[PDB]
Amino acid sequence: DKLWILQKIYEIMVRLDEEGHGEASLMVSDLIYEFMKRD
Amino acid sequence: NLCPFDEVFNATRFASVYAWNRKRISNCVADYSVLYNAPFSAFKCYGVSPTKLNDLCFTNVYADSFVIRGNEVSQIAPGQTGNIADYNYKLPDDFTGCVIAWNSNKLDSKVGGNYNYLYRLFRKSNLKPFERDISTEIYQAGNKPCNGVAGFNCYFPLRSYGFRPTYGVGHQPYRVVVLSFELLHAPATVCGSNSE
């Protein structure tokens, strides 16, 4: 459902940042905002 | 008495957007043409105009300041939505003042990432205009209460920007100053430099 993929997207945002892809992490951050604004 | 705008625009450290700083400017004279003429990437006034400012007097001026991403500067406008306008800093539909921004990559980016600047990624509802939320409660994204511990669908609500100089310009830090021009039924003691 929606909660599983939200968690996997959150985890990829964190992993991207820890592995030195900060710019990519910020892009996934934007997706998390847009995704959670939906019904 | 010269208004302390230099202390706002040329301050050494800026606030994180979620904990944006406000400075009340009062009882002073300000030359606004000196502002409009540093290199600025945004400069838009809403209830006023820059040239017209140097002849007006106001009760107070409020200067709000913070750092956001370049692509987020467009959200600092009336009627905007987005991660910054919804959850960090919200202007009202009837805003009277100016929004000023500039690229601060040289100051606010660091090799390996500057994690001192934060934004709020999660919030149950949108901010009211000029509301300030500095809470750090774990955000409950799912059905189970988080009980103060981050975990599955339980997220710490703030993120660091991690600004690095190699970022694209849309991901680089921008310093933003929002000027609110307040006119109450009271003496107008903040006056443009060509005030009568």
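FYI, residue positions are counted from 1 along the chain as it appears here.
We read in the header that X-ray crystallography, 1.7 Å was used to get this structure.
Cβ atoms here come from the backbone N, Cα and C positions, even for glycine.
According to Swiss-Prot, the disulfide bond annotation covers B:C3-B:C28, B:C45-B:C98, B:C57-B:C191, B:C146-B:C154, on the basis of experimental evidence. The annotation N-linked glycosylation site is assigned in Swiss-Prot to B:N10. Under the heading region 'Immunodominant HLA epitope recognized by the CD8+', Swiss-Prot lists B:114-122.
The annotation expression tag is assigned in the PDB entry to B:193-196.
Beyond the ends of the region 'Immunodominant HLA epitope recognized by the CD8+' (B:114-122), by six or more residues, the same chain brings 14, 16-19, 67-68, 83-84, 87-88, 108, 133, 139, 141, 155, 157-164, 173 to within a C-beta distance below 8 angstroms of the stretch. The most crowded of the disulfide-bonded residues listed here (B:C45, B:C98, B:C154, B:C191) is B:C98, judged by how many other CB atoms sit within 10 Å of its own CB.
The Cβ of B:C28 (disulfide bond) has B:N1, B:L2, B:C3, B:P4, B:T189, B:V190, B:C191 as same-chain neighbours under 8 Å, each 6 or more residues away in sequence. Here the disulfide-bonded residues are B:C3, B:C57, B:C146, and the one ringed by the most other CB atoms within 10 angstroms is B:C3. Distance noted between the C-alpha atoms of B:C146 (disulfide bond) and B:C98 (disulfide bond) is 41 Å. The number of other Cβ atoms within 10 Å of the Cβ belonging to the residue listed as 'N-linked glycosylation site', over all protein chains shown, comes to 9.
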